[PDB]
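Next up: just one chain, as structure tokens, the form deposited in one PDB entry.
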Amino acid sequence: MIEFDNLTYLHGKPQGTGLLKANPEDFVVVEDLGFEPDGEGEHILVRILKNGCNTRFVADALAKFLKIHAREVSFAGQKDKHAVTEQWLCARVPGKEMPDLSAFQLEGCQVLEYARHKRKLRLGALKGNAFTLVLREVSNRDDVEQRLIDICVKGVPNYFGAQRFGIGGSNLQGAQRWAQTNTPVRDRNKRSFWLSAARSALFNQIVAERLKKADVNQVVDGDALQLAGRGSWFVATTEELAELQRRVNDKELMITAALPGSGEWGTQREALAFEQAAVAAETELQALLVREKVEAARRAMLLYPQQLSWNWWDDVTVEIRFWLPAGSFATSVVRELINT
């Protein structure tokens, strides 16, 4: 299987280096939920700002504070710990008059808002995130500048960031070992982290292979094209290629790569044959996803950062900002700018 650092580049491997997350303030993330609190219900939405903590370390703190089950504290996603991130949490609390979250104190954390909500926070159920990053000690300003310019137009591969595979890659390792046996996984949490790592590694490999073609953004018969900013996708056909290619070039449609799983992958004919061949050796991982009933899905191959702007503080320091949809990583953007 293609290792993360060997994943193909769209713009080619950078010709310079730089420091990422030298300090928490150098990496700012603001979650974009997409909806407002219901204002009522058995749950309590809590918007927080943390500096050096992980969504779990804060979800547990909010758990002990409310003296509730650490499992009743949901969230849309897990923001990096080595950064200043703002995100929403959600705790299922009895009809008892909402607690005093203003009292909830924690080093590096800070409550900003809270209100009653009907349901919990489904993981991945958000619109996107806003990032503000500072790259320090950039060795090749000219290279980064040109790459930033080229990305506004062409985008970058929508690879799953490394944190998707756990520290040291433990999540992918776990998935691989479990696939070599049939011992049921008791821990539902680990089950989720491993299944996710498995399907995410496969998606990355397919994208890495597709990027080896002369024209990566060329639509072929059987491709599964997804409407920009939506889940809906449909299959391309020979007679429609010309018209479909025009919409892909205009960024109205995104060519997708498969997220292997049970059921049909989505692509057909030529596109499907390509996707199957790209991960043909990963029979065990595929069998695991299928048996655990993880439905196959589609994911945009490319990623176009929205509102991409930047400013150079000096010849070796640049601040960059952009908005990414749910499931996309800032590291996938930085990967194409510098070598860290």
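In this text, residue numbers run from 1 along the sequence as written. Here, rigid core means the biggest group of C-alpha atoms that superpose within 1.5 Å across both forms.
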Inset, instruction - Look over 285 to 293 and 61 to 69 in the entry and identify the one with the greater average Cα temperature factor. - result: 61 to 69
Legend entry - Stretch with the greater mean C-alpha B-factor as recorded in the entry, comparing 158 to 166 against 119 to 127: 119 to 127
Inset, instruction - Tell me, please, which of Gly229, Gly266, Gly95, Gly174 has the highest C-alpha B factor according to the deposited entry? - result: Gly95
Inset, instruction - Return the residue from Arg210, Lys79, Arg147, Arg141 that has the highest Cα B-factor in the entry. - result: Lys79
Legend entry - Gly18, C-alpha B-factor rank within chain (lowest, middle or highest third): middle
Legend entry - For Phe104, the third of its chain into which the C-alpha B factor falls: highest
Legend entry - Chain-relative CA temperature factor third for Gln276: lowest
Legend entry - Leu241 CA temperature factor, ranked by third within the chain: middle
Legend entry - Chain third (lowest, middle, highest) by recorded CA B-factor, residue given as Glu86: middle
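In what follows, reference is made to the form deposited in another entry, a form of this protein that is not presented.
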Legend entry - CA of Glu72, rigid core aligned, shift of 2 Å or more between the shown form and the other one: yes
Legend entry - Yes/no, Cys152 Cα shift of 2 Å or more between the shown form and the other one with rigid core fixed: no
